[PDB]
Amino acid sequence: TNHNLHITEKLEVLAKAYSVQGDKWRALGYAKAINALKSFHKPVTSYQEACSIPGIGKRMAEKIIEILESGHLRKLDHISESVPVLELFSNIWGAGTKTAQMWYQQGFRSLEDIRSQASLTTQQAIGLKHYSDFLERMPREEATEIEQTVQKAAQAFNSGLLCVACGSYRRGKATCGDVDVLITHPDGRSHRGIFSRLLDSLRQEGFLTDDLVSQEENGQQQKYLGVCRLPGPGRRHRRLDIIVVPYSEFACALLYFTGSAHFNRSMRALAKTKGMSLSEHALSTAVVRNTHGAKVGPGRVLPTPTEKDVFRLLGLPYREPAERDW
């Protein structure tokens, strides 16, 4: 119900600019403001009406006026010419703002320049090889097929293994950027040392095509981030993320993996205000932090058998996954 497209559309450009240039916190600031402007049913009409909105300050409001009066944003006319290129570069999986700026500094301007002259990490080479594929979203139906493929291979050597697709899929989105599969076991122990068996099985059938993050020399590997592709014609390579967690950490793992990211952050920001701490591992109470919000004391873990418990313990009304898109 965004009644401010002509405002946000201009700010979103400025937000991405700051983000690719590495100005993370300023970009965060814009992100929340833009998010707000898309929830305010009524189109802001005053410099005051703006300030009155959570996530919008004087600085933000001021430029909302220039867009309301001048119909344009002077700032947008002074965005470095490097931005489009930095965004192109940072869209390579494994390359971030630091690598993008370095490459730009070295004179690179195109993926052809990267391909032929840039020094790439193993991850970046895989990301460049699937540059277009990784920017595409798949229909959820395909995500289902991928989850099913992973689940089938998992339950093959242990029918007790519980498998659930999380991320945007569980939140009910029509399309998914990748597939997030959480795996755990109700007996609280058979979930150990399975990555070896599962990944091996998924490779045997040729389902996995590339590995981005897979610390298989360690028996305590928690996640696998890779690339897969279903069989048959017209198939594209898709990003696949898999996490194996202890049953005791199931709810926190599920909540985390379901997101959204912004939802997780506000949830964790809240827990911190209540002297608590939430992670994909567990919800803790009586956590000791210093003047800089740094955890100095671990506190203790609270029993959270279900997601409802997490919300409850935080003094919050439960939210269906679909209601966690922020």
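Note that residue numbering follows the sequence shown and begins at 1.
**Prompt:** Per the PDB record, is the mean Cα temperature factor higher over 80-88 or over 186-194?
**Reply:** Comparing 186-194 with 80-88, the higher average CA B-factor belongs to 186-194.
| query | Hey, which bit's got the bigger mean C-alpha B factor in the entry, 212-220 or 167-175? | reply | The stretch with the larger average C-alpha B-factor is 212-220.
Residue selected from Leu28, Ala261, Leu278, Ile56 by maximal Cα B factor: Comparing C-alpha B-factors across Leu28, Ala261, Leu278, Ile56, the maximum falls on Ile56.
Exercise for the section: Please work out which residue in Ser266, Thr45, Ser284, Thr273 has the highest C-alpha B-factor recorded for this crystal structure. Expected result: Each of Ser266, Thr45, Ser284, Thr273 was compared by C-alpha B-factor; the highest is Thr45.
Next on the checklist: Quick check on the deposited entry: does the C-alpha B-factor of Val150 sit in the lowest, middle or highest third of its chain?
Outcome noted: Middle third, going by the recorded CA B-factors of the chain.
Record-listed C-alpha B factor of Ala95: chain third: Bottom third by C-alpha B-factor.
Chain thirds of CA B-factor: placement of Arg140 | CA B-factor rank for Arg140: middle third.
Could you look up the Cα B-factor of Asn158 in the entry and say which third of the chain it sits in: lowest, middle or highest? CA B-factor rank for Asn158: highest third.
Item to complete: Would you mind checking where the Cα B-factor of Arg115 ranks among the modelled residues of its chain, as the lowest, middle or highest third?
Response: For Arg115, whose C-alpha B-factor we compare with every modelled residue in the chain, the answer is the lowest third.
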